[PDB]
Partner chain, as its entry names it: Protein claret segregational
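First, one chain by itself: the form solved without its partner chain, in structure tokens.
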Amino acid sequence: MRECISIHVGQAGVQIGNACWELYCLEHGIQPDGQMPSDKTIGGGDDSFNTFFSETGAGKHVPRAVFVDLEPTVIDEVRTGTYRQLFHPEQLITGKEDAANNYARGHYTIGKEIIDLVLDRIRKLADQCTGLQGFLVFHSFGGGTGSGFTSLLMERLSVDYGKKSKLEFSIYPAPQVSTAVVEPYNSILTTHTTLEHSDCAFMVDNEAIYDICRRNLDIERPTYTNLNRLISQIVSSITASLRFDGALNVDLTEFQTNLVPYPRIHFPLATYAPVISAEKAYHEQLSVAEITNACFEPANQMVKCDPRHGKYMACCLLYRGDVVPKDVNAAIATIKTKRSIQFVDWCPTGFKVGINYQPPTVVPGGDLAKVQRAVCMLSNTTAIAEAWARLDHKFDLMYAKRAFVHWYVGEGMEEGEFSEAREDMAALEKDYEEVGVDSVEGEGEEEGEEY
């Protein structure tokens, strides 16, 4: 009834997809083989929710997803793993070499010969849907595939469908740590297609999530599984309003209407307040006010950027569990009195509220405590520009001497499709500076005259 296709590209996308689909199957009571014995025990119900799963005659449920990659190594783990019987066999792997941290190879030397099949499968999936809400693309900057093939796929999807919404959940390069040397080129070349075609893009950072895991959950040696679980919780909180019943429901288009002021500034940050270990789940009340306050703490941000250095253009709070609107109004009122949190003068309201009844689930073997109230906050702010500026510096230090450039031009790329991207990025960095300035004092010349 309200369908959403999920597209996962690259190793990061596929692994986050594993975490997300584990969470969804645990949430709706579907076994890893697709059967749902809970419905048989109940004798009938709507548990086969159409937002993510499609039902066949025999009761088997198949997810609405499309996995893509160029290395067989990652998809082969899924094809012989615990969820081998859940997915359709069409996993869309390119049985060849990989892009190898090269944007050009991902875009238009190896991205071809696989894009057509992917688009055909997406066409079949969309035809099965009786009313679409949008797409959810999971990818990663820096990697060759997740940049180039993502750019090509978004271009083709925007041409073919056009009106439907398109959201992203991407891993931005961290300020200090990185697992590659040619990351900035890939990120800068990706920014154009991230800007023109996508409608609302969320960004996260591995360093921030590492710090959150260290400080809050008391895990000294985390791995990618915990980070993927946290991102899965974020996405589930985003999409919970389409599935379960609630007092105030927020559709996917409501996010876009209430969160982006102008078409070019659709880069909000995300946060999840009650991250706490089972041991520390006690000794604390975890009331609505506490989690709402924690959402605004600069230390809990999932991107290495300080909100105190900018201004909040807009915010959107999604609550889940035992919450009553009165406490939400009180929380927002007390937040509006603090002077550290700054709001641009042209958005006096600056808040969106959504409440859902289903509380979050617990994954067996996880590291998050069972709680009765949760909140996910999405903030459109001007601090994020700082992060971009840092990455931009790195790009220049490698492009002055034309390092690692022959690999890119050797795969059919002109040298001046580089500088071009930089200029585009610079223009974006201007707009975030322009919007955040307070309205000039008495913007309409001066007033006061005869009546």
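Only residues modelled in both forms are compared. In this text, the rigid core denotes the largest set of C-alpha atoms whose superposition between the two forms falls within 1.5 Å. Positions refer to the first chain, counted from 1.
Not on display, but discussed next: the form deposited with its partner chain bound.
With a 4.5 Å cutoff on heavy atoms, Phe49 does not count as touching its partner chain in the entry with it bound; it lies far away. For the chain shown alone, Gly412 is a contact residue for its partner chain in the entry with it bound, at least one non-hydrogen atom being within 4.5 angstroms. Though the partner is left out of this view, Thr109 does reach within 4.5 Å of its partner chain in the entry with it bound, counting heavy atoms only. In the entry with it bound, none of the heavy atoms of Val362 sits within 4.5 Å of a heavy atom of its partner chain. Taking its partner chain as it sits in the entry with it bound, the stretch 384 to 423 comes within 4.5 angstroms of it through a non-hydrogen atom at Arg402, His406, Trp407, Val409, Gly410, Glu411, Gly412, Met413, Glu414, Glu415, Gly416, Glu417, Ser419, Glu420, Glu423. Core-based superposition between this form and the one not shown leaves all of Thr271, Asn228, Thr94, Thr239 but one with CA shifts under 2 Å; the exception is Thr94. Shifted segments between this form and the one not shown, defined as at least 3 consecutive common residues whose CA atoms all move 2 Å or more after rigid-core fitting, occur once only, at 91 to 96.
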